[PDB]
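Notes follow once the structure below has been shown.
Chain lettering (A, B, C, D, E and F) follows the sequence in which the chains are written, and residue indices restart at 1 in each chain.
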Amino acid sequence: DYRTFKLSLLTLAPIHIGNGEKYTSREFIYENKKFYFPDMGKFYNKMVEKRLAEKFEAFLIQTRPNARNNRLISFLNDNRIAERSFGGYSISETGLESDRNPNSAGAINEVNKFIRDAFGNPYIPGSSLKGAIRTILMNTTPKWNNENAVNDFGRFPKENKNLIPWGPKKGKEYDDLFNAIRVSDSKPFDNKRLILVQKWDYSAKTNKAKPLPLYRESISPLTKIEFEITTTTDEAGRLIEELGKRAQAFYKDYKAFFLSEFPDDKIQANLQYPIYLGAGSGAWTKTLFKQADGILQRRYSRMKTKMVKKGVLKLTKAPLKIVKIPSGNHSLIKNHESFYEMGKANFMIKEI
Amino acid sequence: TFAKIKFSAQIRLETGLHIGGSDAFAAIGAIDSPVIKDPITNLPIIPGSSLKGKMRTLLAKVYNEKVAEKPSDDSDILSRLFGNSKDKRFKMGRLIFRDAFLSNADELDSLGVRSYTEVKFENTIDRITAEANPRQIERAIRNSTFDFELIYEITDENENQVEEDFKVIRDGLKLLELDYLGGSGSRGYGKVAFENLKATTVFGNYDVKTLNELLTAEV
Amino acid sequence: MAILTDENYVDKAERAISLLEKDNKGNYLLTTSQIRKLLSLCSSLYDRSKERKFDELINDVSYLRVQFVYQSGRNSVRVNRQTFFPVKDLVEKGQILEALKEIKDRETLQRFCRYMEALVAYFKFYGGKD
Amino acid sequence: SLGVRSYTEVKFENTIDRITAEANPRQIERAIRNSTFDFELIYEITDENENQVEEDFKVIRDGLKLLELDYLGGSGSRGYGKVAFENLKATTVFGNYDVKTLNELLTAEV
Amino acid sequence: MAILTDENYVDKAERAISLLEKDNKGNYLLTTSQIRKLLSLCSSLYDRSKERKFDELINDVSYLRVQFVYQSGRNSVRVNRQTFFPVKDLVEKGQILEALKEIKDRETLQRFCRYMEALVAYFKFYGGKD
Amino acid sequence: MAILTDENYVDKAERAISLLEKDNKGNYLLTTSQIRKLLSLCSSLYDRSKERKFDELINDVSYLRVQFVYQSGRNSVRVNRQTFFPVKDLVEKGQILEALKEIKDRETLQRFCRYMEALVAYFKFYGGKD
């Protein structure tokens, strides 16, 4: 009575899923064309055997570094440390990680961490992919993407969480649809698939991309990640077997709604069924944009960073990659300024 | 012909498990969903009530031939194995489940972990306002293994039913593998696997060679 | 001479967190999210002090100390063009590092972890936020 | 010394309705897992027992083993009441009787 | 002067429970599940005070005070667009902290535990929920 | 004015028992197992009142009152989709709570204990199950 599907995810762009934590510049070393993230405990243990525990503690305690005492490489240089075996991991320098020089200005002060397990290995949680799938399914079902999805009985509008029934009811048959759809997480991938992209915003009014101080740990483009999706009812089986051709319908609506207002070279092409995963893909990829139009922008009308019209396009920077497919040679992006549509990925779902 | 056969296995998690308890052993500054823990060691456990209840509910969809509104309305093949408080024939079942405790804490330490429960950060995103409400959920570590012990008793009431009860036990364990042990498993929690699943006659005289063959081959 | 004893750590935590910096509206600048990792590490160290000997827990205390220094140096809250550092204020006003220097066996370690228990308890008592 | 604050825990459980899937909670009291209790069992030998002492000893060992393989009273089909008999030995507290072979069998068999 | 005496603590609980915050429907805001840990700790302390002297019960009393001040600020219920602290209200109206500060010997400790028993008894007598 | 005198407490128990609420089947909702602890405490208090002076019995009377109100608020039976409190009803109709406040010496204590014995006797006489 259970159906099992295999969802293969191929990232077409950097994908970041955070845990709320951030590396500070006193925690990583930019050298030898790489970002080295040591283990703080191992670093401190090696620094108590060199009689520099008090110096390192004064370095970390200092709440107001001026411009250069905020970097760990300054501590490693002043105090004459040559050892680099502190555990941790490394990220290969891309070049398009900061619009300025990472070793000259303030530059990368904070890095948003990717989600990891207790062993320090990155992975994609099943809750994240389930949320993306739920957005795709809710946007392409006319009985959920209607005006009844907005709870207007309040100070400001919000979502009608009771539109898709969930939970037990007194004396009624159990009617939770999304309990039947069970998305598992991934087996952890390696830190060799991680890059240090930066947030760029492309405005349809300014007609240019503006960089922002928001650096993330992201999966590199062309990464293969496998998920298992289990279905326990029949309706959810139809929904999941229709995950493609619903992702295509959602992307068609999204392109006709938002992506059509931007230059074609800034918009990526799809090899498989499209999806948007993780942080940075935008507000319209995470909402019912047909019903959230108007409400979402007025939520930010009284902030300094005002949402104007339908917002800006999120375009990170990451190295250009060609792929070999049956059609020949395919460029992941159509522009020469190395602009990936942040959060974009493709998938194929089979019926294992 | 009384005998007792112990199915011993290793419940190795394939994902973090959140069986969930109260705040009796919760930290004094933790806004969390705590897991059920040993009172002394403060380690995560898999209570036998969770295993028994989940296995019974899963086997109720395969071995009933009639939808049951209650565990008392269960079929005979499951009532004689799990018990039935409204049946003098099956009031005491033939299966004893046992609490499972962490059995590879040393291996987890050698793998480089600082605690045997992690805290996963989730949120719910409003689909009209794009407003995120976060939560923290405690989970047991993914590569944890728990000692699983299940005792099956054989009396004269098991004269020609042991080969069927063995099959039901195997099917229940397999269904538990294609399901999740108690938790938020619809978002990818509580996936488990049964390793080194073997049956040992711990009391009396009984031959478990064939059963052990289907245990270690079919699994 | 020890700053933490079994007869004063709860009152010490009382005084330490009653002196924490406050906004002009009266709310505490410190939040539980800024000290969540430190509290988790203290809880794990208390749990592990019961079973294992103190010589095994020699790296855990050092990791706890480096975490305390890192969190005190990194956490900043900016209000009204003024930047405060609530975790560093808590560390200096509670003498966390000096108390960590006086950890030499199971008794002192458990006393320090109970002191952190008292600190967060009374922080929540006087309107601390999550 | 292990820092327990109570000698009884409260285990929290719930029952899930088969049709409506409603969870009804329930808490019960349990003794702490690693608690140890002093077990004493007196056995009396008279003129009537002299030819049945070994059978009685075998039955006592089998009963202790069966209790170890079962649960002591409670909700033990759901994981309660598993016990072990440690330092199990028999000594003659009155009269004269040799418990050397009985002690060897008790240590080897439990 | 002591606030808990053998003649007044039951009437003190009588007076304290009647003043607890209520909803507009008339039912209480505090529940037994919020004070379950505090009741368990008081019961364990009272049981263990019979068999052993007050000299080495100091850690249990200090932890009891820490848990009281923690559960006061931890438990918050939001009803009708207004935050309430029911355990904090009970602690401030029953003078739990001031009665704890008066504990110096076995007699006062047992009096405090009996006062806590009287408080929960009268809370349940007046329609308090679990 | 004393509600319990040496001339009418048996009749008061009789009327109280006759006024106790029943089920649809005429069965008493109160059971002896619900008041077993109360009866044991009353018997111990009556036994101790013969030799010990009322000075050391005040704590026992206070705990007895605490147990009475706790059992009034705790025991509840739900039948025919309606909930009832048998111990609370017994306490109200039997007029027990304020009969406890007039216990000022040995005579009043023994009067109350004999009143409780009469209540039990007439409760069992009218079909009160165990």
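One rule holds for everything that comes next: a residue touches a chain if its C-beta (ideal position, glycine included) is under 8 Å from a C-beta of that chain, and two chains touch if they have at least 3 such contacts.
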For chain D and chain F, chains touching each: E
Superposition of chain C upon chain E: rotation angle, C-alpha, nearest 5 degrees: 40
Winner on C-beta contact pairs when A-C is weighed against A-D: A-C
Same or different residue numbers at the chain E/chain F copy interface, by half rule: different
Most centrally placed chain - per-chain CA mean versus overall CA mean: B
Cα-centroid distance, chain C relative to chain F, in whole angstrom: 53
Between chain C and chain B, distance of the C-alpha-averaged centres to the nearest whole Å: 38
Interchain centroid distance [CA atoms averaged], chain E/chain F, Å: 27
Junction residues of chain E - those touching two or more other chains: 40, 63, 66-67, 70
Multi-chain contact residues (two or more partners), chain A: none
Residues within chain B bordering two or more other chains: 24, 28, 114-115
Residue numbers on chain E that touch chain D, as the complex places them: 40-41, 44, 60, 63
Of all residues in chain F, those that touch chain E in their complex: 58-59, 62-63, 65-67, 69-70, 72-74, 88
Interfacial residue positions of chain C with respect to chain B in the complex: 32, 35-36, 39-41, 43-44, 47, 51, 60, 63, 117, 120-121, 124, 130
Complex interface listing, chain B residues touching chain E: 23-24, 28
Chain D residues within the chain E interface of the complex: 5-7, 10
